[PDB]
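> okay, here's the opening piece of the assembly, coordinates as they are in the complex:
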Amino acid sequence: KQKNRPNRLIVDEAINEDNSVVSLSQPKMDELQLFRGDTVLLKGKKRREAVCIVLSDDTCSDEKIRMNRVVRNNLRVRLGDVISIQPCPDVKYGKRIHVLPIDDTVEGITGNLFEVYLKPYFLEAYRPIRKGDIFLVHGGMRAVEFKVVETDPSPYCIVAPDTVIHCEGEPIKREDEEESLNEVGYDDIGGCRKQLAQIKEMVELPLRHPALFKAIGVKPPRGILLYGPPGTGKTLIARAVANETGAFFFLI
């Protein structure tokens, strides 16, 4: 590994007022394979995750990250702790997004919350979110928080202009935010790392490396046999090495 797990970062105050924007430094994004318009997967305390877009900053420190009070409260952390950043280069657009406001933020106001709050907040914005993000929407001389309920890309997605926004009546309240349904990943795969690393290599080298197999001349993993007792996460492994790599799965 490397020194002190260098994806660990210090939370700091930001300059941008955007909720879904966190700030890094120039050689940090180059070392972490990050672009100026790409999306990441932030992870923090209390097993709470976040999806954000890393933008370039000049006043940001080398080993710190600048973010506002929304992601700090979403990660359930205060000023002075440590957070981690993971790259998320395989995000797909969303199809249906359910949002429900908190009860104290809509007391005194009535009507449709889509055309006033949700439509200007996502008008060609492409802000990425996860399941359980409470994001602050400004409008009507007030500040109303809106919480993600359920998306059809269930772990993580980007709000497309074709995404139907669901803001039906009788919303839920602030709760323990229990998890009930998700899509699999490498963390969903259990203890197989002595062979998971091998098959990770034999599928990662096919990923975005056409000329590398020309340098070999032949492609080494032509056919892969995965054998064991019936039910050892087999289609879980096959589905896991597909979505995070980024491909078409098409199981038969």
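That came in fine, so what should we check first? Numbering: from 1, shown residues only, chains lettered A, B, ... in the order given.
> need the strands for the stretch 151-252 of chain A, in chain order.
A:156-158, A:164-166 (DSSP state E, counting those that start in this stretch).
> What strands line up against the last one, and which way round?
Sheet partners assigned to strand A:164-166 using DSSP bridges are listed as strand A:96-101 (parallel).
> contact partners of the helix or strand following the partner strand?
Downstream of strand A:96-101, the next assigned helix or strand under DSSP states H and E is helix A:119-121. Contacts of helix A:119-121 with the rest of the structure, by CB atoms under 8 Å, 6 or more residues apart in numbering, involve A:127, A:135, A:137, A:139, A:146, A:165. No exception for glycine: its C-beta is placed from N, CA and C like everyone else's.
> Buried ones in helix A:119-121, by neighbour count?
Under the neighbour-count criterion of 16 or more other CB atoms under 10 Å, helix A:119-121 has residue A:121 buried.
> Flag every buried residue along stretch A:67-86.
Buried residues in stretch A:67-86 (16+ other CB under 10 Å): A:67, A:68, A:70, A:71, A:72, A:74, A:75, A:77, A:83, A:84, A:85.
> Over to the third one: give its phi and psi.
In this case it means residue A:70. Main-chain torsions, residue A:70, degrees, to the nearest 10: phi -80, psi -50.
> Report the separation between it and residue A:34.
In this view, residue A:70 and residue A:34 are 21 Å apart by CB to CB, to the nearest Å.
> now residue A:211
24 Å.
> same thing with residue A:221?
Residue A:221 is 29 Å from residue A:34, by CB to CB.
> More neighbours: which of those two?
residue A:34 (20 against 12; other CB atoms under 10 Å).
> What residue, apart from its backbone neighbours, is nearest that one spatially?
Excluding the flanking residues, the one nearest residue A:34 by CB to CB, 6 or more residues apart in numbering is residue A:54, at 5.2 Å.
> With residue A:56 instead?
Residue A:56 sits nearest to residue A:36 (CB to CB, 6+ apart), 5.3 Å away.
> and what of residue A:213?
Closest residue to residue A:213 apart from its sequence neighbours, by CB to CB, 6+ apart: residue A:219 at 4.7 Å.
> attach chain B to the model above:
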Amino acid sequence: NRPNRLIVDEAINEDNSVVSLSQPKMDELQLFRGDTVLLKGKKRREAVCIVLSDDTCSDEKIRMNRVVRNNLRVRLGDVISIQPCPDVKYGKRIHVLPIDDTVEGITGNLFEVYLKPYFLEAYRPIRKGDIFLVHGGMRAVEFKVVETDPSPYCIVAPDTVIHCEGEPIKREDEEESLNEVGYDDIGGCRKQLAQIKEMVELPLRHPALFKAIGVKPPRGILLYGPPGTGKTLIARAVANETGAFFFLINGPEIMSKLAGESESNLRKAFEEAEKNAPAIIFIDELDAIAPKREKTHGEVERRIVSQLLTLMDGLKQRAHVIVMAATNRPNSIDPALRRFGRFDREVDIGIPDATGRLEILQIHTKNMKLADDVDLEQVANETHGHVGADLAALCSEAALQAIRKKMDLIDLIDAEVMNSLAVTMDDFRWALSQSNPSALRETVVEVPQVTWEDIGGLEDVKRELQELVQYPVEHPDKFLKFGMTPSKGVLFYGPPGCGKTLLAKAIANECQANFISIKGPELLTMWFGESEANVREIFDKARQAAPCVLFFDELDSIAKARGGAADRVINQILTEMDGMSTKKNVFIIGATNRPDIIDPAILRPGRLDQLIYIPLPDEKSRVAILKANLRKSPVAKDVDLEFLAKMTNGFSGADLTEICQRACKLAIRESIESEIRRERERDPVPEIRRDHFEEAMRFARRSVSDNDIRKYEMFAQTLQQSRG
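If we add chain B to the chains shown above, we get the following:
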């Protein structure tokens, strides 16, 4: 003093395909006035040029153009070599890509201006990477050859279509050449490639032999062996060096059609061969097409077998058509398929040897940029047999984890980055550990390299073995001078020994014949399984190796461990030994420990006649045994061989070698102790101390039993053939 060595000189003719040589050097090297030659240069660059006789040319010197000099990576004053090469023939497809620095200012079609008048009825031979200059339009254009389909040996024919896609060559590893041909591409089976070249080369280029031969000597040749050593590699290599229609078909594609079309594309395939005059038509995994009759459940497969039989019978001498085929085993296919007249000469391929594995590794590392820190010779020594596809996967996996060891690039890669393939000893060792022996269960056919080293004794016994085995190999006419039938069966007995196996390997090395060792536990496994047909396969593989040395060890162990003399393998051994040719020098050598329990039919005169007791090894001749110990931990000097010749009086040979390696293990553990002390502070001392040898002497006793050696003396007294 190897007169192929020539001196480069300036040419007389301005052609890039004509070299000038003297008249007395053309007749000495057996070349015509338009013969094609193999001109080797530097940076492994080679070219073919038509030799013309010149009166002003020197004998030692050859005259060639600046184009040929720059293509051969030589300057004025270097040396080249020449080989007679008459099998250079016409080409099918030629792809050319011009070099980017010489194509500025000209636009349009360059095929009818440059490519067409340059090759108009000139028969110019070229190679891969050849840069030849073409003039026209008050300019001069360099053209680099990408790929021709007879890649090592081609001549540009007027019927060859020239692929002239106008584009500069990209500065990456994206060349358009892919899977062309090669006798440089076939790895390690020269001793059978010469045989199959002898069978199928006579259909090539000579239709005039049919009057003398009456019936064509090939009609079909099977190519059987373990999977992974190139059926289609051999068949594609023998294709397009001759120049014919290859037309590979595979048995799964034949069986993949439905009813009514599985019958189709078989007469259609053979008629589509019959539109062309020659045929090297090859079927892939034909054992799936034609299994055993009892293995067939349905009858559609039997219909396909019947269709193949009708096509093979009806295609009798129909204008020199040959069908190539491959399978796994001779008994795996239908025995009705081996009708004499067609598919007759089932030649063997087998596993490659260590030299064959070495040249497989060399050929598969030719294209990729080796870092040259490795020498790759000893990599074939640690393996105990890995097949050519396994070695291709070995090279691919080693390069893959070598690229994986270094970090990824900035984004998404240049060729110089791809030229930095710094493969090490540990990289190939890691790839060797991360592999599998897919063909280890197969018997390994190879020549050994013992070369008279382990045994410093048995003075007249080795003379008897030499005159019995080696002397018929060099000259068997002396046995027909006076009427001698050689007794191929010999038996070695006494205390247990691998030195007799080393003696058999030394005999097979002196004869330079392939050696096959039949394991005693393998015979025991065939005895408990009662699979007596496997030794028929053993003897069928044995008779294909001519000559061969067949070794059997511990034949008394079958009668000793019989608990289910008389045994199922033993009568089969007697039956197969009776069914042997008196020629071919397929000598049987036997090893055993207890001669009292033995088959009494095998001690009868006839097949096994000479019975030789092998005694204890010489304590006075332990210099050769410690010479064998001078490899695999060479002991340093200031040691006494007389120290191991003082108290050692009845100790076994391999016991002495393993106790020397145990003293070596003491040296390795004290070197590990020295490294531990050196790392604990913050040379391995390769010399071996006398205390290791003293503790080796105190921890080794003989395996010699007194009752055993007096019963061996009783066997010698029973078979007492002594001079009075």
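> Show me which residues of chain B sit near chain A.
With CB under 8 Å from any CB of the partner chain as the criterion, chain B meets chain A at residues B:172-174, B:367-368, B:392-393, B:396-397, B:399-401, B:403-404, B:412-413, B:418.
> Narrow these to just the buried residues.
B:173, B:368, B:392, B:393, B:396, B:397, B:399, B:400, B:401, B:403, B:413, B:418 (16 or more other CB atoms under 10 Å in any protein chain shown).
> which residues sit in contact with the fourth one?
Counting by CB atoms under 8 Å, 6 or more residues apart in numbering or on different chains, residue B:393 makes contact with A:220, B:435.
> could you point out which element follows the helix or strand harbouring residue B:542?
In this assignment (DSSP H and E), residue B:542 forms part of helix B:534-544. Using DSSP H and E, the helix or strand that follows helix B:534-544 in sequence is strand B:548-553.
> now for that following strand, which elements pack on it?
Contacts defined by 3 or more CB pairs under 8 Å, 6 or more residues apart in numbering or on different chains; DSSP states H and E place strand B:548-553 against helix B:499-511, strand B:514-518, helix B:520-529, strand B:587-591.
> And the helices in chain A?
A:26-31, A:69-74, A:119-121, A:193-204, A:210-216, A:234-243 (DSSP state H).
> Can you give me the buried ones in stretch A:104-121?
A:105, A:106, A:113, A:117, A:118, A:121.
> do the same with stretch B:564-575
B:567, B:568, B:569, B:570, B:572, B:573.
> quick one, what contacts residue B:373?
Taking CB under 8 Å, 6+ apart, one finds B:422, B:423, B:424 in contact with residue B:373.
> still on that earlier bit, out of the helices of chain A, flag the one nearest chain B.
Proximity to chain B (CB to the nearest CB) singles out helix A:210-216 among the helices of chain A, at 4.5 Å.
> And chain B, is the closest one touching that?
Yes: Helix A:210-216 reaches chain B (CB under 8 Å from any CB) through A:211, A:212, A:214, A:215, A:216.
> could the residues you listed go into TSV alongside neighbour count?
Output for the residues of helix A:210-216 next to chain B, formatted as TSV (neighbours: other CB atoms under 10 Å in any protein chain shown):
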residue	neighbour count
A:211	16
A:212	18
A:214	15
A:215	21
A:216	22
